[PDB]
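To start, the structure itself, in structure tokens.
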Number of protein chains: 2
Amino acid sequence: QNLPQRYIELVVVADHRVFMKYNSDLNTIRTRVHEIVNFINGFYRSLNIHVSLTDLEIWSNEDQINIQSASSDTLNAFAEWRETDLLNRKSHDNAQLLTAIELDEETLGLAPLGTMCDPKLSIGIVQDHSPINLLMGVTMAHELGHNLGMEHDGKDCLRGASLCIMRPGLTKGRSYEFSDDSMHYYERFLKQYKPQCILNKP
Amino acid sequence: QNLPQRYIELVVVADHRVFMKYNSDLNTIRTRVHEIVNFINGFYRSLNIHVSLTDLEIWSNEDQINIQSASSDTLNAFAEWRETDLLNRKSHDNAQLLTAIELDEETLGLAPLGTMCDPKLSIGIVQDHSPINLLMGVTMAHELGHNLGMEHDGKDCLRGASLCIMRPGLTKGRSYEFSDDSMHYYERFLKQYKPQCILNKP
Ligand SMILES: CNC(=O)[C@H](Cc1ccccc1)NC(=O)[C@H](CC(C)C)[C@H](CSc1cccs1)C(=O)NO
Ligand SMILES: CNC(=O)[C@H](Cc1ccccc1)NC(=O)[C@H](CC(C)C)[C@H](CSc1cccs1)C(=O)NO
Ligand SMILES: [Ca+2]
Ligand SMILES: [Ca+2]
Ligand SMILES: [Zn+2]
Ligand SMILES: [Zn+2]
């Protein structure tokens with residue numbers, strides 16, 4: 001287990017549909033997100049990654065992109081905007097989108113593989129699908145995981161009593177952990193792609 | 001549960017018996033210890049502790065304390081040496097003595113409980129008992145665990161396929177982890193004692 005200290009500067013963007021859903025109360029969205037970054041961190045402990053929230057942007061007025069049901073299409077719109085608007089203003093390593101649209105083929109999240117630190121592709125879309133901050137943490141941790149070159153595990157993946165975070169579907173539980181495969185998908189990525197943006201302590 | 005980033009400044013002291021074991025070659029002793037620490041770091045990824053090899057003291061000429069079979073006699077003797085001699089020469093957090101003497105009840109390790117940062121009791125004893133750096137790494141990690149307020153786990157403690165590091169006796173294996181209990185023992189340790197010495201990045 002030779003993994004050096006890495007740091008991710010995360011910016012979560014909450015859409016207009018999220019804004020409406022929590023009765024327009026911003027302090028409610030802030031707290032949820034903050035708790036979620038807390039669960040992510042606990043999961044990434046063994047990987048030696050520390051996830052830091054640099055900015056949380058709530059589209060309280062109007063949606064900056066056309067939020068669609070087709071996950072890959074919204075993924076597309078969010079990439080162009082990250083590059084030309086958010087990254088133009090805020091220096092950040094990764095950007096995740098918190099949408100409340102009921103995603104097409106029952107997709108609860110989507111992110112491209114092995115893309116951490118790419119101007120266009122260092123992103124992910126997470127659907128606000130559970131009132132339990134834990135199942136949302138595993139969700140966002142799952143998508144960040146794909147950014148770090150992690151492929152899926154088996155459906156019957158378990159690590160002790162814990163559920164492997166990189167499973168293809170979401171099963172409810174109380175203990176979730178990353179599998180040895182995930183640790184290996186990341187070890188190779190770090191040596192292969194060698195992400196430059198994740199070394200600075202925020 | 002998220003545990004903060006802590007850093008232990010470790011000094012390993014190899015006695016004359018260890019010096020006479022590796023044919024007076026300091027290089028080999030240096031390479032044995034360097035790898036043992038790497039293994040300690042891997043076990044500690046989960047608890048957010050990084051261990052640094054601050055200095056390696058090899059008593060090449062003669063022992064500075066009376067090395068005795070009685071583990072407890074040697075522990076208390078090494079404790080007062082560390083406080084009056086070593087601490088006043090090398091600023092460090094914890095000091096582990098690597099001895100080559102066959103300890104009393106077939107003892108392979110001994111260290112004080114919940115004593116990290118103490119000028120006298122932030123110590124430990126490790127017997128050079130296995131030519132496999134991994135087992136040597138668990139032995140030193142077990143004793144640093146005691147220093148961090150960790151008490152023993154069950155006779156047959158298992159966190160998945162991995163053997164708990166805090167078992168009262170060493171069973172030869174290929175993967176080791178710290179159990180939930182050990183993670184809670186250290187949590188309480190941090191909250192209760194607020195050790196200052198483990199906050200600076202070396
Ligand atoms: C990148 N997207 C994916 O890999 C697909 C999307 C999908 C789902 C169902 C059908 C077709 C596609 N899986 C997921 O999103 C997952 C499941 C959804 C239903 C919440 C995914 C992981 S679930 C688990 C993690 C640990 C134990 S179980 C999740 O919570 N991620 O954030
Ligand atoms: C503070 N002293 C102790 O707790 C006593 C000392 C002792 C040993 C044998 C018999 C009686 C007493 N046990 C230990 O040292 C242990 C035993 C020795 C054999 C290495 C302890 C084993 S933990 C485990 C990690 C993985 C599986 S089991 C160790 O590797 N530690 O470093
Ligand atoms: Ca960065
Ligand atoms: Ca220190
Ligand atoms: Zn996935
Ligand atoms: Zn013990």
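Within each chain, counting starts at residue 1; across the structure tokens, chains are named A, B, ... in the order shown, with ligands numbered 1 upward in that order.
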
Exercise for the section: Using only C-alpha atoms, determine which residues of chain B fall within 10 Å of chain A; present them as a PyMOL selection string. Expected result: chain B and resi 1-5+38-50+158-162

Exercise for the section: Please identify all polymer residues within 12 Å of residue 85 of chain A, counting only C-alpha atoms, omitting same-chain residues fewer than 6 positions from it, and present them as JSON, numbers by chain. Expected result: {"A": [64, 65, 77, 78, 79, 91, 95, 119, 120]}

Saved selection, atoms kept: N, CA and C atoms, as an mmCIF file, in the first residue's frame:
data_model
loop_
_atom_site.group_PDB
_atom_site.id
_atom_site.type_symbol
_atom_site.label_atom_id
_atom_site.label_comp_id
_atom_site.auth_asym_id
_atom_site.auth_seq_id
_atom_site.Cartn_x
_atom_site.Cartn_y
_atom_site.Cartn_z
ATOM 1 N N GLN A 64 -27.503 27.710 -15.930
ATOM 2 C CA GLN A 64 -26.505 28.174 -16.903
ATOM 3 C C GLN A 64 -26.429 27.304 -18.169
ATOM 4 N N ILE A 65 -26.800 26.029 -18.042
ATOM 5 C CA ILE A 65 -26.797 25.099 -19.177
ATOM 6 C C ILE A 65 -28.180 24.469 -19.282
ATOM 7 N N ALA A 77 -22.870 19.359 -21.835
ATOM 8 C CA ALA A 77 -23.119 20.770 -21.573
ATOM 9 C C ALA A 77 -22.344 21.251 -20.354
ATOM 10 N N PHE A 78 -22.246 20.401 -19.336
ATOM 11 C CA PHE A 78 -21.526 20.759 -18.122
ATOM 12 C C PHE A 78 -20.010 20.871 -18.374
ATOM 13 N N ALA A 79 -19.471 20.079 -19.306
ATOM 14 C CA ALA A 79 -18.036 20.131 -19.635
ATOM 15 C C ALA A 79 -17.621 21.450 -20.317
ATOM 16 N N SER A 91 -10.067 28.458 -10.017
ATOM 17 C CA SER A 91 -9.010 27.485 -10.214
ATOM 18 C C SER A 91 -9.485 26.283 -9.406
ATOM 19 N N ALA A 95 -14.939 19.180 -10.975
ATOM 20 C CA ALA A 95 -16.260 19.786 -10.817
ATOM 21 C C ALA A 95 -17.395 18.762 -10.932
ATOM 22 N N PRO A 119 -8.953 19.993 -18.566
ATOM 23 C CA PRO A 119 -9.749 21.225 -18.640
ATOM 24 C C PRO A 119 -11.218 20.996 -18.956
ATOM 25 N N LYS A 120 -11.472 20.098 -19.894
ATOM 26 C CA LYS A 120 -12.820 19.801 -20.316
ATOM 27 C C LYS A 120 -13.483 18.668 -19.527
#

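Among the candidates A:174, A:146, A:194, A:201, the residue lying nearest to ligand 5 is A:146 (atoms considered: only C-alpha atoms and all ligand atoms).
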
Going by DSSP on the backbone, which residues of chain A come out as strand (DSSP E or B)? List them as a PDB file with N, CA and C atoms, in the first residue's frame.
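Listed below is the output, selection12.pdb:
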ATOM      1  N   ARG A   6      -2.351  12.994  -1.831  1.00  0.00           N
ATOM      2  CA  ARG A   6      -2.890  13.793  -2.923  1.00  0.00           C
ATOM      3  C   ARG A   6      -4.049  14.639  -2.394  1.00  0.00           C
ATOM      4  N   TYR A   7      -4.348  15.742  -3.078  1.00  0.00           N
ATOM      5  CA  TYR A   7      -5.411  16.660  -2.672  1.00  0.00           C
ATOM      6  C   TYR A   7      -6.311  17.088  -3.845  1.00  0.00           C
ATOM      7  N   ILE A   8      -7.627  16.945  -3.692  1.00  0.00           N
ATOM      8  CA  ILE A   8      -8.586  17.345  -4.732  1.00  0.00           C
ATOM      9  C   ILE A   8      -9.387  18.605  -4.328  1.00  0.00           C
ATOM     10  N   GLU A   9      -9.379  19.619  -5.178  1.00  0.00           N
ATOM     11  CA  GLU A   9     -10.116  20.838  -4.898  1.00  0.00           C
ATOM     12  C   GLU A   9     -11.432  20.714  -5.652  1.00  0.00           C
ATOM     13  N   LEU A  10     -12.485  20.423  -4.902  1.00  0.00           N
ATOM     14  CA  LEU A  10     -13.809  20.211  -5.458  1.00  0.00           C
ATOM     15  C   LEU A  10     -14.789  21.388  -5.422  1.00  0.00           C
ATOM     16  N   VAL A  11     -15.481  21.581  -6.537  1.00  0.00           N
ATOM     17  CA  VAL A  11     -16.507  22.597  -6.666  1.00  0.00           C
ATOM     18  C   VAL A  11     -17.789  21.848  -7.078  1.00  0.00           C
ATOM     19  N   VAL A  12     -18.796  21.861  -6.205  1.00  0.00           N
ATOM     20  CA  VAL A  12     -20.070  21.222  -6.511  1.00  0.00           C
ATOM     21  C   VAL A  12     -21.015  22.322  -6.961  1.00  0.00           C
ATOM     22  N   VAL A  13     -21.709  22.077  -8.061  1.00  0.00           N
ATOM     23  CA  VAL A  13     -22.664  23.029  -8.614  1.00  0.00           C
ATOM     24  C   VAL A  13     -24.067  22.429  -8.463  1.00  0.00           C
ATOM     25  N   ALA A  14     -24.955  23.119  -7.750  1.00  0.00           N
ATOM     26  CA  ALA A  14     -26.326  22.644  -7.544  1.00  0.00           C
ATOM     27  C   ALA A  14     -27.228  23.358  -8.541  1.00  0.00           C
ATOM     28  N   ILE A  49      -6.269  10.327  -0.219  1.00  0.00           N
ATOM     29  CA  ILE A  49      -6.787  11.461  -0.971  1.00  0.00           C
ATOM     30  C   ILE A  49      -7.635  12.242   0.018  1.00  0.00           C
ATOM     31  N   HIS A  50      -7.492  13.552  -0.024  1.00  0.00           N
ATOM     32  CA  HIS A  50      -8.237  14.435   0.843  1.00  0.00           C
ATOM     33  C   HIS A  50      -9.026  15.342  -0.090  1.00  0.00           C
ATOM     34  N   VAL A  51     -10.353  15.286   0.021  1.00  0.00           N
ATOM     35  CA  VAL A  51     -11.258  16.083  -0.801  1.00  0.00           C
ATOM     36  C   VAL A  51     -11.677  17.379  -0.075  1.00  0.00           C
ATOM     37  N   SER A  52     -11.377  18.516  -0.703  1.00  0.00           N
ATOM     38  CA  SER A  52     -11.657  19.845  -0.164  1.00  0.00           C
ATOM     39  C   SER A  52     -12.675  20.635  -1.009  1.00  0.00           C
ATOM     40  N   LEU A  53     -13.672  21.230  -0.345  1.00  0.00           N
ATOM     41  CA  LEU A  53     -14.717  22.020  -1.007  1.00  0.00           C
ATOM     42  C   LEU A  53     -14.277  23.486  -1.119  1.00  0.00           C
ATOM     43  N   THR A  54     -13.916  23.905  -2.335  1.00  0.00           N
ATOM     44  CA  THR A  54     -13.438  25.267  -2.605  1.00  0.00           C
ATOM     45  C   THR A  54     -14.592  26.227  -2.873  1.00  0.00           C
ATOM     46  N   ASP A  55     -15.637  25.713  -3.512  1.00  0.00           N
ATOM     47  CA  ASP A  55     -16.786  26.524  -3.830  1.00  0.00           C
ATOM     48  C   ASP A  55     -17.971  25.632  -4.059  1.00  0.00           C
ATOM     49  N   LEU A  56     -19.139  26.157  -3.728  1.00  0.00           N
ATOM     50  CA  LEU A  56     -20.426  25.505  -3.934  1.00  0.00           C
ATOM     51  C   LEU A  56     -21.199  26.630  -4.621  1.00  0.00           C
ATOM     52  N   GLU A  57     -21.624  26.372  -5.849  1.00  0.00           N
ATOM     53  CA  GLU A  57     -22.352  27.334  -6.653  1.00  0.00           C
ATOM     54  C   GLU A  57     -23.782  26.862  -6.903  1.00  0.00           C
ATOM     55  N   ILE A  58     -24.728  27.632  -6.378  1.00  0.00           N
ATOM     56  CA  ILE A  58     -26.145  27.341  -6.492  1.00  0.00           C
ATOM     57  C   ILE A  58     -26.727  28.283  -7.527  1.00  0.00           C
ATOM     58  N   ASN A  94     -11.454  19.467  -9.914  1.00  0.00           N
ATOM     59  CA  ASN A  94     -12.624  18.690 -10.368  1.00  0.00           C
ATOM     60  C   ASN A  94     -13.962  19.391 -10.099  1.00  0.00           C
ATOM     61  N   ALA A  95     -14.939  19.180 -10.975  1.00  0.00           N
ATOM     62  CA  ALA A  95     -16.260  19.786 -10.817  1.00  0.00           C
ATOM     63  C   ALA A  95     -17.395  18.762 -10.932  1.00  0.00           C
ATOM     64  N   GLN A  96     -18.242  18.688  -9.902  1.00  0.00           N
ATOM     65  CA  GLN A  96     -19.376  17.754  -9.880  1.00  0.00           C
ATOM     66  C   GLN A  96     -20.685  18.545  -9.921  1.00  0.00           C
ATOM     67  N   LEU A  97     -21.671  18.067 -10.678  1.00  0.00           N
ATOM     68  CA  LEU A  97     -22.971  18.733 -10.773  1.00  0.00           C
ATOM     69  C   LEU A  97     -24.092  17.982 -10.045  1.00  0.00           C
ATOM     70  N   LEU A  98     -24.763  18.671  -9.124  1.00  0.00           N
ATOM     71  CA  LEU A  98     -25.864  18.133  -8.339  1.00  0.00           C
ATOM     72  C   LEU A  98     -27.182  18.530  -9.020  1.00  0.00           C
ATOM     73  N   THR A  99     -27.722  17.602  -9.808  1.00  0.00           N
ATOM     74  CA  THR A  99     -28.959  17.815 -10.546  1.00  0.00           C
ATOM     75  C   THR A  99     -30.141  17.069  -9.921  1.00  0.00           C
ATOM     76  N   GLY A 109     -26.078   8.821 -11.799  1.00  0.00           N
ATOM     77  CA  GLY A 109     -24.803   9.512 -11.849  1.00  0.00           C
ATOM     78  C   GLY A 109     -23.977   9.074 -13.042  1.00  0.00           C
ATOM     79  N   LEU A 110     -23.098   9.956 -13.517  1.00  0.00           N
ATOM     80  CA  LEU A 110     -22.237   9.685 -14.682  1.00  0.00           C
ATOM     81  C   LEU A 110     -20.971  10.566 -14.720  1.00  0.00           C
ATOM     82  N   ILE A 123     -14.814  16.198 -14.753  1.00  0.00           N
ATOM     83  CA  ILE A 123     -16.172  16.435 -14.261  1.00  0.00           C
ATOM     84  C   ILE A 123     -16.988  15.182 -13.942  1.00  0.00           C
ATOM     85  N   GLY A 124     -18.198  15.419 -13.451  1.00  0.00           N
ATOM     86  CA  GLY A 124     -19.126  14.357 -13.135  1.00  0.00           C
ATOM     87  C   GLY A 124     -20.488  14.938 -12.801  1.00  0.00           C
ATOM     88  N   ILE A 125     -21.545  14.173 -13.059  1.00  0.00           N
ATOM     89  CA  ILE A 125     -22.912  14.590 -12.742  1.00  0.00           C
ATOM     90  C   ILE A 125     -23.514  13.585 -11.738  1.00  0.00           C
ATOM     91  N   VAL A 126     -24.035  14.119 -10.637  1.00  0.00           N
ATOM     92  CA  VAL A 126     -24.618  13.351  -9.546  1.00  0.00           C
ATOM     93  C   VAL A 126     -26.080  13.763  -9.414  1.00  0.00           C
ATOM     94  N   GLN A 127     -26.975  12.789  -9.314  1.00  0.00           N
ATOM     95  CA  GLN A 127     -28.393  13.086  -9.179  1.00  0.00           C
ATOM     96  C   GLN A 127     -28.779  13.090  -7.712  1.00  0.00           C
ATOM     97  N   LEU A 158     -17.764  -7.237  -2.269  1.00  0.00           N
ATOM     98  CA  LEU A 158     -17.805  -6.959  -0.847  1.00  0.00           C
ATOM     99  C   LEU A 158     -16.369  -6.903  -0.368  1.00  0.00           C
ATOM    100  N   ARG A 159     -16.132  -6.084   0.643  1.00  0.00           N
ATOM    101  CA  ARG A 159     -14.823  -5.988   1.246  1.00  0.00           C
ATOM    102  C   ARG A 159     -15.124  -6.080   2.747  1.00  0.00           C
ATOM    103  N   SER A 162     -18.432  -4.415   4.293  1.00  0.00           N
ATOM    104  CA  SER A 162     -18.637  -3.219   3.489  1.00  0.00           C
ATOM    105  C   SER A 162     -18.905  -3.484   2.014  1.00  0.00           C
ATOM    106  N   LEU A 163     -19.678  -2.602   1.392  1.00  0.00           N
ATOM    107  CA  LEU A 163     -19.988  -2.703  -0.032  1.00  0.00           C
ATOM    108  C   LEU A 163     -18.938  -1.919  -0.829  1.00  0.00           C
ATOM    109  N   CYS A 164     -18.421  -2.526  -1.892  1.00  0.00           N
ATOM    110  CA  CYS A 164     -17.414  -1.868  -2.718  1.00  0.00           C
ATOM    111  C   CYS A 164     -18.079  -0.666  -3.349  1.00  0.00           C
ATOM    112  N   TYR A 176     -19.574   1.182   3.514  1.00  0.00           N
ATOM    113  CA  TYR A 176     -19.091   1.180   2.127  1.00  0.00           C
ATOM    114  C   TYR A 176     -17.611   1.448   2.119  1.00  0.00           C
ATOM    115  N   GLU A 177     -16.893   0.735   1.265  1.00  0.00           N
ATOM    116  CA  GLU A 177     -15.455   0.889   1.162  1.00  0.00           C
ATOM    117  C   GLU A 177     -15.018   0.638  -0.267  1.00  0.00           C
TER     118      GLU A 177
END

Exercise for the section: For ligand 3, list the contacting residues at 6 Å or closer, counting only C-alpha atoms and all ligand atoms, as a list in words. Expected result: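 Within the 6 Å cut-off, the matching residues are residues 8, 9, 93, 197, 198, 199 and 200 of chain A.
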
Practice task
Kindly work out which residues sit at most 6 Å from ligand 1, using only C-alpha atoms and all ligand atoms, and give the list as number ranges by chain.
Solution key: A: 106-111, 138-140, 142-143, 163-171

Those same residues - N, CA and C atoms - I'd like them written as a short mmCIF file (atom, residue, chain, number, x, y, z; two decimals), in the first residue's frame.
data_model
loop_
_atom_site.label_atom_id
_atom_site.label_comp_id
_atom_site.auth_asym_id
_atom_site.auth_seq_id
_atom_site.Cartn_x
_atom_site.Cartn_y
_atom_site.Cartn_z
N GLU A 106 -32.77 5.44 -15.73
CA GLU A 106 -32.57 5.26 -14.29
C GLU A 106 -31.10 5.35 -13.89
N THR A 107 -30.42 6.34 -14.46
CA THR A 107 -29.02 6.61 -14.19
C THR A 107 -28.99 7.53 -12.99
N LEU A 108 -28.19 7.22 -11.98
CA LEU A 108 -28.15 8.09 -10.82
C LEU A 108 -26.85 8.87 -10.72
N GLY A 109 -26.08 8.82 -11.80
CA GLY A 109 -24.80 9.51 -11.85
C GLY A 109 -23.98 9.07 -13.04
N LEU A 110 -23.10 9.96 -13.52
CA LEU A 110 -22.24 9.69 -14.68
C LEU A 110 -20.97 10.57 -14.72
N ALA A 111 -19.83 9.96 -15.04
CA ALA A 111 -18.55 10.66 -15.11
C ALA A 111 -17.61 9.92 -16.06
N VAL A 138 -21.47 8.09 -1.36
CA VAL A 138 -20.97 6.93 -2.11
C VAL A 138 -21.17 7.22 -3.61
N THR A 139 -22.27 7.90 -3.94
CA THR A 139 -22.60 8.27 -5.31
C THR A 139 -21.55 9.22 -5.90
N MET A 140 -21.27 10.30 -5.18
CA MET A 140 -20.30 11.28 -5.65
C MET A 140 -18.88 10.71 -5.58
N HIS A 142 -18.25 7.65 -6.05
CA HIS A 142 -18.21 6.71 -7.15
C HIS A 142 -17.75 7.45 -8.40
N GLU A 143 -18.43 8.55 -8.71
CA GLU A 143 -18.12 9.36 -9.88
C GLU A 143 -16.71 9.98 -9.84
N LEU A 163 -19.68 -2.60 1.39
CA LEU A 163 -19.99 -2.70 -0.03
C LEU A 163 -18.94 -1.92 -0.83
N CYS A 164 -18.42 -2.53 -1.89
CA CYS A 164 -17.41 -1.87 -2.72
C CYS A 164 -18.08 -0.67 -3.35
N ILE A 165 -17.43 0.49 -3.24
CA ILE A 165 -17.97 1.73 -3.80
C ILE A 165 -18.12 1.75 -5.32
N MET A 166 -17.22 1.07 -6.02
CA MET A 166 -17.26 1.01 -7.48
C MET A 166 -18.16 -0.07 -8.09
N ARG A 167 -19.18 -0.48 -7.35
CA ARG A 167 -20.13 -1.46 -7.85
C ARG A 167 -20.87 -0.75 -8.98
N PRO A 168 -21.49 -1.51 -9.90
CA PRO A 168 -22.22 -0.85 -10.99
C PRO A 168 -23.57 -0.28 -10.57
N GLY A 169 -24.23 -0.90 -9.59
CA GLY A 169 -25.53 -0.42 -9.12
C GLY A 169 -25.49 -0.08 -7.64
N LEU A 170 -26.46 0.71 -7.17
CA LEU A 170 -26.51 1.10 -5.76
C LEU A 170 -27.44 0.27 -4.90
N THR A 171 -26.84 -0.42 -3.94
CA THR A 171 -27.55 -1.26 -3.00
C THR A 171 -27.42 -0.51 -1.67
#
